[PDB]
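Undergrad: Okay, handing you the structure first.
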Amino acid sequence: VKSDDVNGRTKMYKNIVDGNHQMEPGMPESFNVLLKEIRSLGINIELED
Amino acid sequence: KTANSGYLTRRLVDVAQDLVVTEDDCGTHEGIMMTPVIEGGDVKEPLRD
Amino acid sequence: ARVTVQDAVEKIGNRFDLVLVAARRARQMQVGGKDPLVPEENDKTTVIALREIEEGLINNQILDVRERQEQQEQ
Amino acid sequence: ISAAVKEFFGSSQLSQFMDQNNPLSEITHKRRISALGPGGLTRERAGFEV
Amino acid sequence: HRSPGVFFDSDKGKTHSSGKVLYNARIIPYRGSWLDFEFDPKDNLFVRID
Amino acid sequence: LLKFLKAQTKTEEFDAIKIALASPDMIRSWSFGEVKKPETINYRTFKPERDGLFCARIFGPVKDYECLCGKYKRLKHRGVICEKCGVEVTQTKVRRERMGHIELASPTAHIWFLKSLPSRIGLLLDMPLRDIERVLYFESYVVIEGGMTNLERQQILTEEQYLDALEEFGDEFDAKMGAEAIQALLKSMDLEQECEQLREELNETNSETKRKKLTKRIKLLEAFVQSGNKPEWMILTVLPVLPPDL
Amino acid sequence: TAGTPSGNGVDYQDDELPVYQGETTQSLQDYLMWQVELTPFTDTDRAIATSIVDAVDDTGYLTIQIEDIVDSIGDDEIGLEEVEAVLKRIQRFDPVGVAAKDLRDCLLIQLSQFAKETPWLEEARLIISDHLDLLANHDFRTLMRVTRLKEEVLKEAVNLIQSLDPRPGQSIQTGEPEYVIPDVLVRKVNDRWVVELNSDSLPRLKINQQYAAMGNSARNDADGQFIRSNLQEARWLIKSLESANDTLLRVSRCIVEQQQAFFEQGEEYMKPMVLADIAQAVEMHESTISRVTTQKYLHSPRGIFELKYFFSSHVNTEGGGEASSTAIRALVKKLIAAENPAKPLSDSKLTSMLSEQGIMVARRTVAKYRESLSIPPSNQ
DNA sequence: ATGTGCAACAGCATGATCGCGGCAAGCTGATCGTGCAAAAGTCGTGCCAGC
RNA sequence: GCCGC
DNA sequence: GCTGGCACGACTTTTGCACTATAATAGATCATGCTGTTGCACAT
Ligand SMILES: [Zn+2]
């Protein structure tokens with residue numbers, strides 16, 4: 001919430017202003033950048049279900 | 001010496017990161033032998049400690 | 001003001017579960033649909049929930065039975 | 001000529017901003033001996049004896 | 001910095017783990033390529049130019 | 001076709017991240033297009049160059065829901081590709097997701113696998129890394145097949161030896177000194193029979209020196225067959241590129 | 001250099017592998033979205049708000065029509081009544097008056113947010129703003145009679161109207177005027193107006209390319225010699241850059257040679273030089289010269305900073321030989337400004353004056369030159 | 001009694017070497033010409049509608 | 001890089 | 001009658017195709033794994 005969740009930042013700020021104190025976390029952007037980096041080599045890495 | 005201390009702490013933390021108390025009682029009868037630490041004519045650690 | 005949470009810890013002894021119990025009680029008393037069962041002394045919901053746990057009238061089982069009762073009511 | 005001279009004077013490891021707190025810091029900085037530099041010894045290459 | 005000239009060293013005599021002390025000689029010019037002489041643990045004269 | 005939330009669907013449930021080699025077909029599947037010009041942007045109009053490292057026909061648009069040439073620049077148009085430019089009206093946040101690729105027109109070897117002390121190619125083909133590096137840089141030839149001639153399967157004959165063989169053997173000598181040669185020799189391998197021969201050699205003869213090498217080689221072989229990867233993919237012919245926004 | 005500026009603000013991301021990383025900037029649309037996210041809106045209301053704030057221009061005005069917004073939604077029960085309410089709610093954001101359909105609406109909303117007790121609230125709320133705006137554009141002499149009000153009161157109502165912000169939302173911009181002029185073509189004044197070139201960096205590039213490529217090749221650590229592996233790429237790059245600088249310098253020298261008079265004495269002394277004029281001078285095709293001198297910039301003490309502003313083919317059928325319409329436009333601007341307070345500046349009169357001066361130009365062209373960067377001073 | 005197989009030693013390449021914060025300082029550029037159809041774009045000029 | 005812990 | 005925004009026939013500009021010898025430089029350990037060469041032990 002505090003660093004990389006682009007939607008999480010706005011959602012948590014909106015909750016704080018409203019007075020909800022709820023998190024609703026997500027996926028940090030840094031992991032997406034790392035995945036794109038590793039995929040930019042000849043290596044495949046994916047988030048399976 | 002701070003660099004050596006930091007490297008050692010990093011290695012210890014990583015080698016022991018994934019250890020968690022996940023059970024109430026294993027029920028094993030095994031154990032280790034506890035005796036006060038003696039060395040020549042001097043005592044370092046009594047059994048109580 | 002709960003400076004120390006020892007009694008609340010001993011009421012439900014894990015030091016980890018009471019965090020979740022107080023979190024859910026504070027959600028009930030803050031989001032809505034609930035009122036404190038202890039006199040409110042201009043305190044935040046967190047310490048009100050902690051005091052309720054300390055007094056012995058809040059725990060996971062009764063929270064679950066109240067949730068079931070409200071679910072069946074509607 | 002100008003490029004080399006100005007590159008040495010303006011951008012070098014052994015030509016740094018002088019301290020201006022007190023006259024003592026200026027005096028100390030002016031007569032300062034450094035082991036680093038272009039032809040010197042780097043920080044991590046330094047043993048316990050140097 | 002180190003003055004140009006000739007320096008003889010013994011590298012503390014702990015390299016081959018046999019207790020044999022190794023002597024080396026270095027010639028350092030102000031500008032140019034270094035020249036070096038070294039002792040093998042089999043007592044052979046070896047140079048390390050540049 | 002309104003009230004679409006592609007931001008909410010961006011987050012999906014997942015578990016157990018997995019890693020494997022990427023085939024050229026998979027790299028093409030990731031790609032939204034192919035780049036062919038080296039310059040990133042032109043200074044003529046301060047716009048990304050067509051089919052370049054920084055482009056807008058691929059990688060998505062450059063400024064919100066606008067498109068190049070300004071034919072379709074508004075939110076009313078969605079997912080529409082202009083006739084003048086292949087730019088698609090999109091939230092311009094896909095500059096961090098679309099990958100693209102390049103075609104090499106000549107196979108090259110992955111430095112990830114060839115250059116490492118336990119080299120996977122070298123111990124997968126049971127040859128030293130030195131001669132593999134020599135052939136990969138056109139220093140020497142490597143022959144394949146040639147059963148009729150006296151040349152072996154993994155010969156390391158040099159240029160002079162190649163000329164001598166051409167003068168003497170003439171045909172039947174199939175030797176190449178590029179990455180195509182190593183690719184072909186990796187393709188021609190029959191992996192299951194190789195593993196069976198390894199097992200037979202390991203159990204028949206016992207020696208503390210060759211046992212470790214045979215165990216490592218059979219371990220790599222069984223890992224390759226079970227994992228579903230193809231050893232040809234170690235060398236790559238299609239190279240992906242990073243999104244511009246990263 | 002007698003006076004030199006201190007170094008301008010600059011930085012580069014350090015102790016971070018993706019060097020220079022980035023830095024987010026807050027624009028008008030981003031601020032509008034941030035404000036929208038913190039007000040109670042329904043899902044349909046949120047969608048309408050996003051759709052209408054996407055259409056906000058840089059100046060803060062709506063570019064697309066409201067009916068076009070309704071069509072953009074493309075859903076039932078989202079008729080214009082709802083989008084009107086949503087837009088009217090949106091207008092009262094931090095840049096009060098943002099997302100306004102027209103000037104009238106902007107002034108109406110700006111005047112709406114007030115104490116409701118100002119001396120001339122109702123005087124200019126609709127009598128001046130919502131009515132007779134075109135009259136207020138002119139001297140508004142008949143506006144006093146039209147609104148049945150004294151001219152003294154209108155003298156303060158006009159000031160009150162002018163006190164409002166004309167273009168709200170343009171005070172939010174975070175862009176920096178860093179679009180300064182490289183002026184790669186420097187020029188000084190001499191006995192023959194010599195032209196030089198700066199910012200070549202060719203010696204620096206040659207030295208760096210040497211010390212990298214030929215430095216590695218001369219280094220004996222690698223087996224063999226990299227006589228063509230690295231050495232024969234720096235040579236190609238240096239030759240290409242030298243050729244580019246050479247043709248740029250040749251084109252610039254041709255340009256100054258044919259345009260010496262523009263720089264000498266009066267400024268408006270440009271000949272109507274065509275691309276073929278320089279093409280024959282440098283023995284090169286016109287397309288390459290056009291691609292070369294189309295955004296290159298020169299640094300002149302008095303002349304303009306461009307290399308395409310001189311390239312005009314505007315013979316205009318001048319009396320004696322040919323002329324350039326740039327000088328004609330400059331003369332028209334100079335003469336129109338220096339005229340009587342009435343300032344007729346009639347198109348026929350201007351054409352007659354130009355013909356008397358020697359510029360045989362039709363009366364319809366002069367109207368175009370005037371309208372390009374000016375308006376007729378009540379010439380109608 | 002000479003020849004073949006295997007274990008050990010020396011040389012070589014690879015990887016790593018504590019955090020957090022404040023001044024600071026340099027900018028890391030470009031590229032190429034082609035000569036021609038083919039296209040798009042532009043300018044001097046004349047038109048009708050409003051005052 | 002210089003300095004502070 | 002006077003004036004001010006719209007189109008047309010030459011000119012002008014843009015764009016893909018398209019092939020183009022000299023030199024910074026060497027000042028840590030410390031451990032680990034792999035490769036090539038040599039010496040010790042067994043066989044007909
Ligand atoms: Zn487009």
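Labels for the structure tokens follow display order: chains A, B, ..., residues from 1 in each chain, ligands from 1.
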Compile a residue-level contact table for chain F against ligand 1 at a cut-off of 6 Å, reporting for every qualifying residue the shortest atom pair and its distance in Å to one decimal, with only C-alpha atoms and all ligand atoms counted, rows ordered by chain and ascending number, as CSV.
TA:
```
residue,atom,partner,partner_atom_place_in_ligand_line,distance
F:67,CA,ligand 1,1 (Zn),4.4
F:68,CA,ligand 1,1 (Zn),4.2
F:69,CA,ligand 1,1 (Zn),5.1
F:70,CA,ligand 1,1 (Zn),5.6
F:71,CA,ligand 1,1 (Zn),5.0
F:72,CA,ligand 1,1 (Zn),5.9
F:82,CA,ligand 1,1 (Zn),4.4
F:84,CA,ligand 1,1 (Zn),5.9
F:85,CA,ligand 1,1 (Zn),4.7
F:87,CA,ligand 1,1 (Zn),5.5
```
Undergrad: Could you please tell me, as a list in words, which residues of chain A have an atom within 9 Å of chain F when using only C-alpha atoms?
TA: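 Every residue meeting the condition is included here: residues 7, 26, 27, 32, 33, 36, 37, 39, 40, 41, 42, 43, 44, 45, 46, 47, 48 and 49 of chain A.
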Undergrad: Those residues with C-alpha atoms, as a compact mmCIF listing (two decimals), in the first residue's frame please?
TA:
```txt
# COMPACT_ATOMS: atom_id res chain seq x y z
CA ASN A 7 -4.35 1.33 -7.34
CA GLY A 26 -2.49 -6.04 -4.58
CA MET A 27 0.63 -6.75 -6.64
CA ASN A 32 5.89 -6.89 -12.65
CA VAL A 33 9.06 -5.04 -13.68
CA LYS A 36 9.22 -8.30 -17.66
CA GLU A 37 12.99 -8.15 -17.15
CA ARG A 39 11.05 -12.49 -19.78
CA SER A 40 13.15 -10.06 -21.83
CA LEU A 41 15.91 -12.68 -21.72
CA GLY A 42 15.40 -16.11 -23.24
CA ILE A 43 13.77 -17.30 -20.00
CA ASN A 44 10.02 -17.72 -19.43
CA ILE A 45 8.54 -17.03 -15.98
CA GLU A 46 4.80 -16.88 -15.35
CA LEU A 47 2.23 -16.71 -12.55
CA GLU A 48 0.34 -19.99 -12.81
CA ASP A 49 -3.14 -20.40 -11.34
```
Undergrad: Quick check: residues of chain D within 12 Å of chain H, only C-alpha atoms (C1' of nucleotides), returned as a PDB file with N, CA and C atoms, in the first residue's frame.
TA:
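Listed below is the output, part08.pdb:
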```pdb
ATOM      1  N   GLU D   7      39.811  20.052 -17.996  1.00  0.00           N
ATOM      2  CA  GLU D   7      39.339  18.768 -17.497  1.00  0.00           C
ATOM      3  C   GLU D   7      40.083  18.366 -16.234  1.00  0.00           C
ATOM      4  N   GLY D  10      38.891  21.253 -13.344  1.00  0.00           N
ATOM      5  CA  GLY D  10      37.497  21.286 -12.947  1.00  0.00           C
ATOM      6  C   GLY D  10      36.901  19.964 -12.508  1.00  0.00           C
ATOM      7  N   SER D  11      37.379  18.858 -13.072  1.00  0.00           N
ATOM      8  CA  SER D  11      36.815  17.535 -12.811  1.00  0.00           C
ATOM      9  C   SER D  11      37.954  16.558 -12.535  1.00  0.00           C
ATOM     10  N   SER D  12      38.328  16.436 -11.263  1.00  0.00           N
ATOM     11  CA  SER D  12      39.345  15.480 -10.856  1.00  0.00           C
ATOM     12  C   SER D  12      39.056  15.032  -9.432  1.00  0.00           C
ATOM     13  N   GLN D  13      39.600  13.866  -9.076  1.00  0.00           N
ATOM     14  CA  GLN D  13      39.381  13.330  -7.737  1.00  0.00           C
ATOM     15  C   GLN D  13      40.112  14.152  -6.683  1.00  0.00           C
ATOM     16  N   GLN D  16      38.849  19.212  -5.212  1.00  0.00           N
ATOM     17  CA  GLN D  16      37.507  19.230  -4.651  1.00  0.00           C
ATOM     18  C   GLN D  16      37.192  20.612  -4.098  1.00  0.00           C
ATOM     19  N   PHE D  17      35.904  20.833  -3.841  1.00  0.00           N
ATOM     20  CA  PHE D  17      35.458  22.045  -3.170  1.00  0.00           C
ATOM     21  C   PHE D  17      36.159  22.176  -1.824  1.00  0.00           C
ATOM     22  N   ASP D  19      36.584  23.469   2.044  1.00  0.00           N
ATOM     23  CA  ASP D  19      35.721  23.792   3.168  1.00  0.00           C
ATOM     24  C   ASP D  19      35.893  25.257   3.541  1.00  0.00           C
ATOM     25  N   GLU D  44      39.239   0.211  -1.188  1.00  0.00           N
ATOM     26  CA  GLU D  44      39.091  -1.205  -0.877  1.00  0.00           C
ATOM     27  C   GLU D  44      40.369  -1.990  -1.138  1.00  0.00           C
ATOM     28  N   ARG D  45      41.347  -1.401  -1.822  1.00  0.00           N
ATOM     29  CA  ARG D  45      42.618  -2.080  -2.022  1.00  0.00           C
ATOM     30  C   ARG D  45      43.523  -1.935  -0.808  1.00  0.00           C
TER      31      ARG D  45
END
```
Undergrad: Select all residues from chain J having any atom no more than 10 Å from an atom of chain D (counting only C-alpha atoms (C1' of nucleotides), ignoring ligands), output as a compact mmCIF listing (two decimals) with N, CA, C and O atoms (P, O5', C5', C4', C3', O3' and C1' of nucleotides), in the first residue's frame.
TA:
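Contents of the output file part17.txt:
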```
# COMPACT_ATOMS: atom_id res chain seq x y z
P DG J 27 46.91 -4.80 -9.80
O5' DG J 27 46.03 -3.87 -8.83
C5' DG J 27 46.64 -2.82 -8.06
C4' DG J 27 47.32 -3.38 -6.82
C3' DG J 27 46.75 -2.90 -5.50
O3' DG J 27 45.66 -3.75 -5.07
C1' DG J 27 49.10 -2.61 -5.49
P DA J 28 45.69 -5.34 -5.30
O5' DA J 28 44.73 -5.89 -4.16
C5' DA J 28 44.68 -5.22 -2.91
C4' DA J 28 44.43 -6.18 -1.77
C3' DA J 28 44.99 -7.59 -1.97
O3' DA J 28 45.52 -8.07 -0.74
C1' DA J 28 42.69 -7.71 -1.51
P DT J 29 46.77 -9.07 -0.73
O5' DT J 29 46.22 -10.36 0.05
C5' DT J 29 45.00 -10.96 -0.35
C4' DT J 29 44.00 -10.98 0.79
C3' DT J 29 43.71 -12.36 1.34
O3' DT J 29 43.23 -12.25 2.67
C1' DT J 29 41.81 -11.58 0.20
```
Undergrad: I'd like the neighbourhood of segment 36-48 of chain H as a count of residues only, where a residue qualifies if any of its atoms comes within 8 Å (using only C-alpha atoms (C1' of nucleotides)), though same-chain residues fewer than 2 positions away should be ignored.
TA: 9
Undergrad: I'd like the neighbourhood of residue 5 of chain I as a count of residues only, where a residue qualifies if any of its atoms comes within 12 Å (using only C-alpha atoms (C1' of nucleotides)), though same-chain residues fewer than 5 positions away should be ignored.
TA: 3
